[PDB]
>>> print(open('input-v8.cif').read())   # mmCIF, C-alpha atoms
data_protein
#
loop_
_atom_site.label_atom_id
_atom_site.label_comp_id
_atom_site.auth_asym_id
_atom_site.auth_seq_id
_atom_site.Cartn_x
_atom_site.Cartn_y
_atom_site.Cartn_z
CA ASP A 159 103.94 92.46 27.36
CA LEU A 160 100.36 93.02 26.18
CA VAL A 161 98.95 92.65 29.69
CA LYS A 162 101.56 95.05 31.06
CA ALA A 163 100.75 97.40 28.17
CA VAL A 164 97.02 97.54 28.95
CA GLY A 165 98.05 97.71 32.60
CA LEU A 166 100.12 100.80 31.86
CA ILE A 167 97.07 102.72 30.62
CA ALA A 168 94.43 101.19 32.91
CA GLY A 169 96.69 101.06 35.97
CA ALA A 170 95.89 104.48 37.42
CA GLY A 171 92.19 103.64 37.22
CA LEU A 172 91.95 106.38 34.62
CA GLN A 173 91.29 106.19 30.87
CA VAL A 174 89.51 102.92 30.12
CA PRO A 175 91.27 101.17 27.20
CA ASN A 176 89.52 99.90 24.06
CA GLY A 177 90.72 98.84 20.62
CA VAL A 178 94.03 97.07 20.01
CA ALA A 179 96.29 97.36 16.96
CA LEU A 180 98.42 94.26 16.36
CA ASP A 181 101.18 93.21 13.97
CA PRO A 182 101.08 89.95 11.95
CA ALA A 183 104.46 88.90 13.36
CA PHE A 184 103.17 89.61 16.87
CA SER A 185 99.80 87.93 16.35
CA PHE A 186 101.53 84.56 16.07
CA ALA A 187 103.83 85.30 19.02
CA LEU A 188 100.77 85.12 21.27
CA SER A 189 99.91 81.70 22.70
CA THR A 190 96.71 79.97 21.58
CA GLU A 191 95.82 78.95 25.14
CA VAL A 192 92.16 78.42 26.06
CA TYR A 193 90.34 78.39 29.42
CA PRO A 194 89.78 74.85 30.79
CA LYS A 195 86.41 73.21 31.54
CA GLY A 196 86.41 73.96 35.26
CA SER A 197 86.39 77.75 35.09
CA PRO A 198 83.76 79.87 33.32
CA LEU A 199 84.58 81.47 29.94
CA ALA A 200 85.22 77.86 28.89
CA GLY A 201 86.21 77.35 25.26
CA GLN A 202 87.08 81.02 24.81
CA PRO A 203 90.35 82.47 23.44
CA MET A 204 92.59 83.67 26.27
CA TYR A 205 94.49 86.00 23.93
CA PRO A 206 94.01 87.77 20.56
CA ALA A 207 96.37 85.25 18.91
CA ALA A 208 96.01 84.60 15.18
CA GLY A 209 94.72 81.04 14.85
CA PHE A 210 91.16 81.91 15.85
CA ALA B 211 86.13 96.87 34.48
CA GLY B 212 86.01 97.32 38.25
CA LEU B 213 83.89 94.54 39.75
CA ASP B 214 80.77 95.73 41.55
CA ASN B 215 80.42 92.72 43.85
CA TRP B 216 83.05 90.84 45.84
CA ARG B 217 82.23 87.92 48.14
CA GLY B 218 78.76 89.26 48.92
CA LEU B 219 79.83 92.84 49.59
CA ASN B 220 79.10 96.12 47.85
CA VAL B 221 82.20 97.52 46.15
CA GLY B 222 82.68 101.11 45.04
CA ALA B 223 85.79 102.55 43.40
CA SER B 224 86.82 106.21 43.34
CA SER B 225 89.88 108.45 43.65
CA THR B 226 88.60 109.71 47.01
CA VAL B 227 89.75 106.72 49.06
CA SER B 228 93.30 108.05 48.79
CA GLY B 229 92.53 111.55 47.51
CA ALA B 230 95.39 111.51 45.00
CA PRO B 231 94.73 114.83 43.28
CA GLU B 232 93.16 116.67 46.24
CA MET B 233 95.67 115.66 48.91
CA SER B 234 99.41 116.28 48.53
CA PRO B 235 101.41 113.43 50.08
CA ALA B 236 98.57 110.88 49.69
CA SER B 237 97.33 108.80 52.62
CA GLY B 238 98.58 105.59 51.02
CA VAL B 239 95.26 103.93 51.81
CA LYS B 240 94.11 101.50 49.13
CA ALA B 241 90.88 100.23 50.70
CA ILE B 242 88.28 100.90 53.40
CA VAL B 243 86.12 97.99 54.55
CA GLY B 244 83.28 97.84 57.07
CA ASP B 245 79.65 98.25 58.10
CA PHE B 246 78.76 101.43 56.23
CA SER B 247 75.42 101.57 58.04
CA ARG B 248 77.37 102.69 61.10
CA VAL B 249 78.17 105.99 59.38
CA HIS B 250 75.22 108.38 59.14
CA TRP B 251 75.57 111.12 56.54
CA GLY B 252 73.22 113.52 54.77
CA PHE B 253 72.58 116.84 53.06
CA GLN B 254 70.73 119.16 55.43
CA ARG B 255 70.43 121.53 52.48
CA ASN B 256 71.53 120.97 48.87
CA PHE B 257 71.39 123.91 46.46
CA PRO B 258 71.35 123.68 42.65
CA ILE B 259 73.90 125.50 40.47
CA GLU B 260 73.82 129.25 41.14
CA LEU B 261 74.89 132.01 38.75
CA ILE B 262 76.05 135.24 40.39
CA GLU B 263 76.61 138.31 38.22
#
>>> encode(input="input-v8.cif", output="structure tokens")
Amino acid sequence: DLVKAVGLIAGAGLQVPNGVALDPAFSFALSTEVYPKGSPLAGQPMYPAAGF
Amino acid sequence: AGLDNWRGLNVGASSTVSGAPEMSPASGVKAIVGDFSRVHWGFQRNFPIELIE
């Protein structure tokens, strides 16, 4: 939903998004997945989450 | 942010490739790829901003 949300604003190629307001009940709803070793950005949070 | 390089090519992004606001029904074209050295273009004369009163 977050990706589709930022896609809704940045989809037309207009209005570059920045700054995200989250809710505490929605911060935990996000998965704490992290990029593997193979790809770059290794050891970096894939989502805002709440555990980091 | 729109990537500037893709597989060793030069990538530029603008609303001219389809001409969404300028054209009316839109061409529907999403991309134009090729040897852009084959197209010769230039300003034979380029004026600055002129104020007429």
>>> resolve_selection(input="input-v8.cif", expression="the PyMOL selection byres ((chain B) within 10 of (chain A))", output="list in words")
residues 211, 212, 223, 224 and 225 of chain B
>>> axis_aligned_box(input="input-v8.cif", around="segment 239-252 of chain B", padding_each_side="6 Å", output="JSON")
{"center_x": 84.2, "center_y": 105.7, "center_z": 55.1, "size_x": 34.0, "size_y": 27.7, "size_z": 24.0}
>>> atom_distance(input="input-v8.cif", atom1="atom CA of residue 159 of chain A", atom2="atom CA of residue 183 of chain A")
14.5 Å
>>> resolve_selection(input="input-v8.cif", expression="the PyMOL selection byres ((chain A and resi 178) around 10)", output="list in words")
residues 160, 164, 175, 176, 177, 179, 180 and 206 of chain A
>>> residues_around(input="input-v8.cif", residues="segment 217-222 of chain B", least_positions_apart="5", cutoff="12 Å", atoms="only C-alpha atoms", output="list in words")
residues 211, 212, 227, 241, 242, 243, 244, 245 and 246 of chain B
>>> atom_distance(input="input-v8.cif", atom1="atom CA of residue 205 of chain A", atom2="atom CA of residue 166 of chain A")
17.7 Å
>>> atom_distance(input="input-v8.cif", atom1="atom CA of residue 207 of chain A", atom2="atom CA of residue 184 of chain A")
8.3 Å
>>> residues_around(input="input-v8.cif", residues="residue 208 of chain A", least_positions_apart="6", cutoff="12 Å", atoms="only C-alpha atoms", output="list in words")
residues 180, 181, 182, 183, 184, 185, 186, 187, 188, 189, 190 and 191 of chain A
>>> residues_around(input="input-v8.cif", residues="residue 204 of chain A", least_positions_apart="2", cutoff="7 Å", atoms="all atoms listed in the file", output="compact mmCIF listing (two decimals) with C-alpha atoms, in the coordinates of the input")
# COMPACT_ATOMS: atom_id res chain seq x y z
CA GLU A 191 95.82 78.95 25.14
CA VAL A 192 92.16 78.42 26.06
CA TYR A 193 90.34 78.39 29.42
CA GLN A 202 87.08 81.02 24.81
>>> decode(input="input-v8.cif", residues="chain A", atoms="C-alpha atoms", output="PDB file, in the first residue's frame")
ATOM      1  CA  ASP A 159       0.000   0.000   0.000  1.00  0.00           C
ATOM      2  CA  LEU A 160       2.913   2.329   0.749  1.00  0.00           C
ATOM      3  CA  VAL A 161       4.604   1.590  -2.580  1.00  0.00           C
ATOM      4  CA  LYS A 162       1.333   2.152  -4.433  1.00  0.00           C
ATOM      5  CA  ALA A 163       0.875   5.351  -2.412  1.00  0.00           C
ATOM      6  CA  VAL A 164       4.244   6.816  -3.417  1.00  0.00           C
ATOM      7  CA  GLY A 165       3.505   5.466  -6.886  1.00  0.00           C
ATOM      8  CA  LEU A 166       0.286   7.470  -6.972  1.00  0.00           C
ATOM      9  CA  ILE A 167       2.155  10.760  -6.532  1.00  0.00           C
ATOM     10  CA  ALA A 168       5.346   9.899  -8.422  1.00  0.00           C
ATOM     11  CA  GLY A 169       3.578   7.941 -11.168  1.00  0.00           C
ATOM     12  CA  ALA A 170       2.974  10.793 -13.600  1.00  0.00           C
ATOM     13  CA  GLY A 171       6.661  11.689 -13.392  1.00  0.00           C
ATOM     14  CA  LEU A 172       5.539  14.903 -11.727  1.00  0.00           C
ATOM     15  CA  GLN A 173       5.941  16.109  -8.129  1.00  0.00           C
ATOM     16  CA  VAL A 174       8.872  14.263  -6.556  1.00  0.00           C
ATOM     17  CA  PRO A 175       7.795  12.871  -3.154  1.00  0.00           C
ATOM     18  CA  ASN A 176       9.682  13.427   0.108  1.00  0.00           C
ATOM     19  CA  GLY A 177       8.794  13.004   3.770  1.00  0.00           C
ATOM     20  CA  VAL A 178       6.498  10.271   5.071  1.00  0.00           C
ATOM     21  CA  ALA A 179       4.107  10.453   8.031  1.00  0.00           C
ATOM     22  CA  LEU A 180       3.439   7.066   9.641  1.00  0.00           C
ATOM     23  CA  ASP A 181       1.207   5.690  12.390  1.00  0.00           C
ATOM     24  CA  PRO A 182       2.516   3.526  15.266  1.00  0.00           C
ATOM     25  CA  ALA A 183      -0.002   0.790  14.430  1.00  0.00           C
ATOM     26  CA  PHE A 184       1.129   0.918  10.800  1.00  0.00           C
ATOM     27  CA  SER A 185       4.846   1.050  11.583  1.00  0.00           C
ATOM     28  CA  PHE A 186       4.672  -2.496  12.945  1.00  0.00           C
ATOM     29  CA  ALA A 187       2.499  -3.683  10.053  1.00  0.00           C
ATOM     30  CA  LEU A 188       5.504  -3.205   7.772  1.00  0.00           C
ATOM     31  CA  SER A 189       7.820  -6.193   7.361  1.00  0.00           C
ATOM     32  CA  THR A 190      11.358  -6.004   8.750  1.00  0.00           C
ATOM     33  CA  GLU A 191      12.843  -7.539   5.600  1.00  0.00           C
ATOM     34  CA  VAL A 192      16.446  -6.718   4.661  1.00  0.00           C
ATOM     35  CA  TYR A 193      18.349  -6.956   1.357  1.00  0.00           C
ATOM     36  CA  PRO A 194      20.448 -10.159   1.047  1.00  0.00           C
ATOM     37  CA  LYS A 195      24.234 -10.371   0.622  1.00  0.00           C
ATOM     38  CA  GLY A 196      24.194 -10.807  -3.153  1.00  0.00           C
ATOM     39  CA  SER A 197      22.610  -7.493  -4.107  1.00  0.00           C
ATOM     40  CA  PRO A 198      23.972  -4.046  -3.190  1.00  0.00           C
ATOM     41  CA  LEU A 199      22.317  -2.038  -0.391  1.00  0.00           C
ATOM     42  CA  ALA A 200      23.168  -5.097   1.711  1.00  0.00           C
ATOM     43  CA  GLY A 201      22.229  -4.901   5.382  1.00  0.00           C
ATOM     44  CA  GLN A 202      19.870  -1.988   4.788  1.00  0.00           C
ATOM     45  CA  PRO A 203      16.199  -1.714   5.865  1.00  0.00           C
ATOM     46  CA  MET A 204      13.873  -2.455   2.943  1.00  0.00           C
ATOM     47  CA  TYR A 205      11.013  -0.572   4.603  1.00  0.00           C
ATOM     48  CA  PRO A 206      10.461   2.128   7.271  1.00  0.00           C
ATOM     49  CA  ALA A 207       9.255  -0.549   9.726  1.00  0.00           C
ATOM     50  CA  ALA A 208       9.586   0.128  13.458  1.00  0.00           C
ATOM     51  CA  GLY A 209      12.221  -2.291  14.737  1.00  0.00           C
ATOM     52  CA  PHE A 210      15.147  -0.337  13.315  1.00  0.00           C
TER      53      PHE A 210
END
